[PDB]
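Remarks on the structure that follows.
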2 protein chains.
Amino acid sequence: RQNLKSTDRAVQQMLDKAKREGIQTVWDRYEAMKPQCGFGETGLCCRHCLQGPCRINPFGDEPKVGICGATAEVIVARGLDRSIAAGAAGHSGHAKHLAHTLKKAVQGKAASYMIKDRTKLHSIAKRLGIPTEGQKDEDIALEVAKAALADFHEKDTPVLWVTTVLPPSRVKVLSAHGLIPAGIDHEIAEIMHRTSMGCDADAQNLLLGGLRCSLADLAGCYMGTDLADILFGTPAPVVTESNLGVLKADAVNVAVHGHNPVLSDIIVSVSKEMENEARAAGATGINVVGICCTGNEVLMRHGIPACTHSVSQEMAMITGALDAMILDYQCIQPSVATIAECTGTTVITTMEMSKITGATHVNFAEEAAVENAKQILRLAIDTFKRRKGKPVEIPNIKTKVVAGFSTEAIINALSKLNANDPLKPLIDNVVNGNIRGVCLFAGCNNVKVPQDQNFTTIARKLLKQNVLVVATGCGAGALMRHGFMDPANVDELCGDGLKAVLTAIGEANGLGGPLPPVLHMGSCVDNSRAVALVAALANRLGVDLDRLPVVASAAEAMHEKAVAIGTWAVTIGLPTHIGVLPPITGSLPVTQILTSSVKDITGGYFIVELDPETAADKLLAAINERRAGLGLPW
Amino acid sequence: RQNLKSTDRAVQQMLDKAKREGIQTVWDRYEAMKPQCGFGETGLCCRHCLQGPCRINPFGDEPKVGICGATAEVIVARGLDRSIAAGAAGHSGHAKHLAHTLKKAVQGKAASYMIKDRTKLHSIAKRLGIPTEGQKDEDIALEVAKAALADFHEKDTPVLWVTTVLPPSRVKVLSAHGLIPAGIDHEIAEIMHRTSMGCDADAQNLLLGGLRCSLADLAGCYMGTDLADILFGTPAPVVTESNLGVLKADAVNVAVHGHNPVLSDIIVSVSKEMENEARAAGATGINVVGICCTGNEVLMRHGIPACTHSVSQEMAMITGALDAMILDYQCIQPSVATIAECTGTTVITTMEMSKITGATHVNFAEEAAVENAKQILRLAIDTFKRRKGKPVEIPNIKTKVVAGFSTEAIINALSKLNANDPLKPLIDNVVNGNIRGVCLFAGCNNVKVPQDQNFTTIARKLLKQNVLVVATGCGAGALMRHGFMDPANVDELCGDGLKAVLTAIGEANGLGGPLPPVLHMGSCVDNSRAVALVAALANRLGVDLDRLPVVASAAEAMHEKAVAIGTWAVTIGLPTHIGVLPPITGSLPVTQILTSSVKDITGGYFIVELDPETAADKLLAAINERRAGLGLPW
Ligand code: SF4
Ligand code: SF4
Ligand code: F3S
Ligand code: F3S
Ligand code: FES
Ligand code: FES
Ligand code: NI
Ligand code: NI
């Protein structure tokens, strides 16, 4: 019964092939882990010193307290804080790498990289207060890169990738609670300090630190988007495909997998120059396909088709047609290195701090990006040759995907209805009820949840209630693989008011049809694009984000990064659903802070709800409560 | 049978009082935790994403691998790396606070602080390459503080508090393996990134990252010592007392507890100015006593007596005479806040990122240090008044302690035997066998080990074999409370060769007697002083640290900080004993790297040995192997 594992029928087909071939999958490794530890599930375990491990019984008798005296409240809050810091360390490490890449590019140390989006560069400079008039673009870019790197440590200003991206009234609320980060890596380190043994031991104090570190994560996300747009271009609407059927038996199939596209954007361009070298090997060409966020990056900017996402990533290899999987970091199941020996795929790591035993490593350096890409693609061509004559099983399943909805692209699309006040048509339709509110789907799949089931169940209910739905990361991946990015499905999926708006915008953009049911705003760092859009709406209305009918749903969350994103969504003022249990239920006081009393600090709050129908109802209630607070019908 | 809990007879007495009064202690909370989780004990548990908790059976059947495919090797190495980063975050956060304090002092923003050790300031400037000739001391200090803060982030130089404190040949070895940190908080964040889900998954690669982060911890330790010496004075030999008998029923007893003495050095000076205000309340005066590292700081600089350490910290409160416990951060059992309600003690937190529910918080700001100290001490005086007429039970147990052996003080003491080559007398006596080698005892007590039993058992065996023993932190605390810092015990404890050397040095310093059996080199950050001494010996000999007959023992380790210290001791080239099991035994490959194949990278290695007699034999074998490598008899 593969339907209990994944709602994706291409994934189901490959699960059947993996089973008859004896290849263990993530779902098999989950089954072998059951029953999982209830102390860990509830957050009532601590290993922060060598007197541990400590645990607390959720209910009953002793143990009731950690060996040092740490209560359930403290243990739960410390664990959560460390998860937030780990997420911030990933998103911001990605951003730091892009900042170094931009600096190298404009210093003449990496000519494969350049300022591709001069407009974005100048707008970021203006937002940061960096002078542009009279200055060479390379010098403006050097100053932007230096400002990015400066936000990682303490200085005479707070983190500008927080304070310059949210409205002043929001910054004021956060400043009053001490929540503005002083420096990105500074906050990460302070979390690790305060959560170490014999330090912070007050749940509220710990959680305030967590909120501040989540804003350091937001800064890293926004910095990542900004720098990637400068270097690689701001996305605009594009049409492509998704799911395993985008693989081609006749081609060299190369997946780019990870989050930082610094090399894989180069993989894309170099691959086109090697079509003839691939043809000499008997292929039709090189077919680059995306997995996870780096796949989203190249989908958004170049229309590279998305193969699969998150929990089902191993299934691309099970087809037998994946000649190479080119990795950088984050969200890569290390099982890919052993599965590759069964499937023939060449798995290649490229970043010094992210290696996998058994996978080939090819150092990637920006300074040698083209040469390193050719080395990598030649391993892929050799692999294609080795499968001459072997049957492959690529499920003939794919969907049409319209994507590329950066915030700039959304504003441009709206400007076709109102050129000099582009946000007003959107606001007008919120006011008149054609758009009930906005929901951002974000985050991962999680093996505990039948793959995509929460995203699609919740999205269907919200769309029928006229909610404008936007999506990023593997939430966008789930929705795209089930047809939610195909405008042909607007009639089936969308309420009449939402359909009218999507159609009015689409027709004004010359499409002869609507925008798609869900707007793909990009990778997980590109959750920052949704922040930009919401902050622009807030500023246009003269209100703060916690008055807007905007919610978020990390419906199948997995990674520490998703915990960090959900926490900053709460911190900036949003009702934020999470569809898997974070390790908090072992402390009622912590749960009550995160789901209730944080409303009094930031106006946002977590909605923890594992039943997707119920979660949809709770998200709609949150949207409608915001409508009522604005005096609007609902 | 309290002897199974602590070998300290004052602690035993208070354990009897706690038992009859029904006050739960750390030992009771340990007993209530048994049996502890074997997955956590062995390191075979991962909670790095919301698909967990994952575990691996040490032996038997499934589960054999994490849900994402993470092997035992990966899980163990990731957990260890996070512990190292957490330790680095503590030591370096302490250092960062001191750097900000020095900057404020010389900018005229905090006149309670000043350059007290101008000689240290100029020597640090010279070591860092900061110009002094022609410059005002305040400007040199501003440049030192700015250099300290710069080492937290990437810049055009590596972390100078690594590269300028180790000999060039050691820096070259470490650079060749990629182990020199780029920035302190940079490395902490990169650890949290690389150990997050779907990132680094190669044990060797992970552990190399851990070694590099441990050097970021060393940098924070050395920076902490350097800045504390500038601000508060470099220690020189001092005589005081230790153990609970240093409390006085007739006085206001105030413990300073934590690690950062930035306020407690101020507590010491302000307390003397309030003797009359205390006398008006019916006390004889204010009796400041030390717990843990901040107690070590004021013991080393001012001869403040040490009350207790680490695992037994609650027992100071059980006497009934502890009127206040003034806290900043790290190693404070949060149980003190609840015990205080039973004992009458006022527990006071002072740092924004380290609060304890139920404890009074008094913001400490350097800018208002004196006024904030008086507010704190007045709460203590009020508490003393409330116990007018209540009997107290202070065990009449204390030892004499000679301490204050900074590296400068050790060199000065040796210079009385050889004025212009002060290290030569020490080397001469290593060569002739009067000193077999050097052992640094470091780190915490741990409730799993009868308190002090490993430190004293190992130290006794090494001293009888003519090993020069130095100590820091709660290792120094254990040894001082058992008489190892009293020169009257040299005859009983020391081999004939070591006694001859300690006597020759002492007589040349005019003491009419020897140096004490063990040299107290200070707090845990002051493990950096031992590095300075060993590096000076290495440079004097023209060899690297991994050829010297010098070892370390974290004989009863507890905190993540102790894991970080042990790891940098290995990274700089030392055989390093740990007397409690770190969570590594679930992976034989990781254990073999840490205890064997790391020798081929850094020349150091861990010695994991829970039996103290066996550990002493293994440490002596390590020392003697180094002697043999130098061509010396042993
Ligand atoms: S920090 Fe406290 S609760 Fe955590 S493992 Fe150590 S003794 Fe146990
Ligand atoms: S990172 Fe891997 S091993 Fe760890 S909890 Fe997540 S699925 Fe399990
Ligand atoms: S790339 Fe990763 S953080 Fe989640 S959104 Fe996808 S599994
Ligand atoms: S102050 Fe703390 S780090 Fe260990 S050495 Fe003492 S318990
Ligand atoms: S007791 Fe299972 S997660 Fe620690
Ligand atoms: S299963 Fe006990 S430490 Fe996780
Ligand atoms: Ni993601
Ligand atoms: Ni310590």
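Start at 1 and go down the list; that is how both ligands and their atoms are numbered. Atom set for the values below is all heavy atoms of this structure, side chains included, hydrogens, waters and symmetry mates excluded. Letters A, B, ... are given to chains in the order of the sequence lines, protein chains preceding strands, and every chain is numbered from 1.
- Taking the six-membered ring where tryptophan is involved, the planes of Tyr329(A) and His94(A) are tilted, since the angle between them lies from 30° to 60°.
- Residue-ligand proximity, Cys293(A) to ligand 3, at heavy-atom distances under 4.0 Å covers atoms 1 (S).
- Taking CH2 from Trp27(A) and CD from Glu314(A), the interatomic distance works out to 7.5 Å, rounded to the nearest 0.5 Å.
- With 3.5 Å as the limit, one finds a donor-acceptor pair spanning the side chains of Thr225(A) and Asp526(A).
- Scanning all protein heavy atoms for the shortest distance to atom 6 (Fe) of ligand 3 gives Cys474(A) SG, 2.4 Å.
- Nearest protein heavy-atom neighbour of atom 6 (Fe) of ligand 2: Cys49(B) SG, 2.3 Å.
- Contact check on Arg78(A) versus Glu560(B) returns no salt bridge, with no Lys/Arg side-chain nitrogen under 4.0 Å from an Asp/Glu carboxylate oxygen.
- Side-chain contact of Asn454(A) with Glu556(A): a donor-acceptor pair under 3.5 Å is absent, judged by distance alone.
- Nearest non-hydrogen protein atom to atom 8 (Fe) of ligand 2 is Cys54(B) SG, 2.3 Å.
- With a cut-off of 2.8 Å, atom 4 (Fe) of ligand 3 has an N, O or S atom of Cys444(A) in range.
- For ligand 3, the atoms closer than 4.0 angstrom to any heavy atom of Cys292(A) are 1 (S).
- Summarising the geometry, atom CG belonging to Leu207(B) is positioned 10.5 Å from atom CD belonging to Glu73(B); distances are rounded to the nearest 0.5 Å.
- Heavy-atom distances between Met33(A) and ligand 2 stay at or above 4.0 Å for every pair.
- To the nearest 0.5 angstrom, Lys448(A) atom NZ is 5.5 Å from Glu41(A) atom CD.
- Neither the backbone nor the side chain of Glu560(A) comes within contact range of ligand 2; no heavy atom lies under 4.0 Å.
- Within ligand 2, counting atoms from 1 as listed, the ones closer than 4.0 Å to a heavy atom of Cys46(B) are 1 (S), 3 (S), 4 (Fe), 5 (S).
- The contact set between ligand 2 and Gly52(B), taken as ligand atoms under 4.0 Å from a residue heavy atom, comprises 5 (S).
- Contact between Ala562(A) and ligand 3 is absent, with no heavy atom of the residue lying under 4.0 Å from the ligand.
- The distance from ligand 3 to the heavy atoms of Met558(A) drops below 4.0 Å at these ligand atoms: 7 (S).
- Close approach of ligand 3 to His559(A) is summarised as follows: ligand atoms under 4.0 Å from at least one heavy atom of the residue are 3 (S).
- Distances below 4.0 Å separate heavy atoms of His259(A) from the following atoms of ligand 3: 1 (S), 2 (Fe).
- Between the side chains of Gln313(A) and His257(A), at least one donor N or O sits under 3.5 Å from an acceptor N or O.
- Atom SG of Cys199(B) sits about 9.5 Å away from atom CZ of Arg194(B), to the nearest 0.5 Å.
- Contacts with ligand 5 closer than 4.0 Å are made by no heavy atom of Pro53(A), backbone or side chain.
- Between the side chains of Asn296(A) and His520(A), at least one donor N or O sits under 3.5 Å from an acceptor N or O.
- Protein heavy atom in closest approach to atom 2 (Fe) of ligand 3: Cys331(A) SG, 2.3 Å.
- A salt bridge is absent between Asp265(A) and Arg301(A); no separation between the charged side-chain nitrogens and carboxylate oxygens falls under 4.0 Å.
- Atoms of ligand 5 lying under 4.0 Å from any heavy atom of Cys37(A), numbered from 1 in the order shown and given with element: 1 (S), 2 (Fe), 3 (S).
- In this structure, atom 2 (Fe) of ligand 2 lies nearest to the protein heavy atom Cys68(B) SG, 2.3 Å.
- Ligand 5 places these atoms under 4.0 Å from at least one heavy atom of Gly40(A): 3 (S).
- The ligand atoms of ligand 3 that sit less than 4.0 angstrom from a heavy atom of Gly443(A) are 5 (S).
- The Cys524(A) neighbourhood of ligand 3 comprises atoms 5 (S), with distances under 4.0 Å to a heavy atom of that residue.
- Under the 3.5 Å distance criterion, with hydrogens and angles disregarded, a donor-acceptor pair is assigned to the side chains of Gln330(A) and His193(B).
- Taking every non-hydrogen atom of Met197(B) and a distance limit under 4.0 Å, the qualifying atoms of ligand 2 come out as 1 (S).
- Nearest non-hydrogen protein atom to atom 7 (S) of ligand 3 is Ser310(A) OG, 3.4 Å.
- Separation of atoms CD1 (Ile191(A)) and CG (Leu206(A)) is listed at 8.0 Å; rounding is to 0.5 Å.
- Rounding to the nearest 0.5 Å places CE of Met33(A) at 5.0 Å from CD1 of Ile67(B).
- Of all atoms in ligand 5, numbered sequentially from 1 with element shown, those under 4.0 Å from a heavy atom of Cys45(A) are 1 (S), 3 (S), 4 (Fe).
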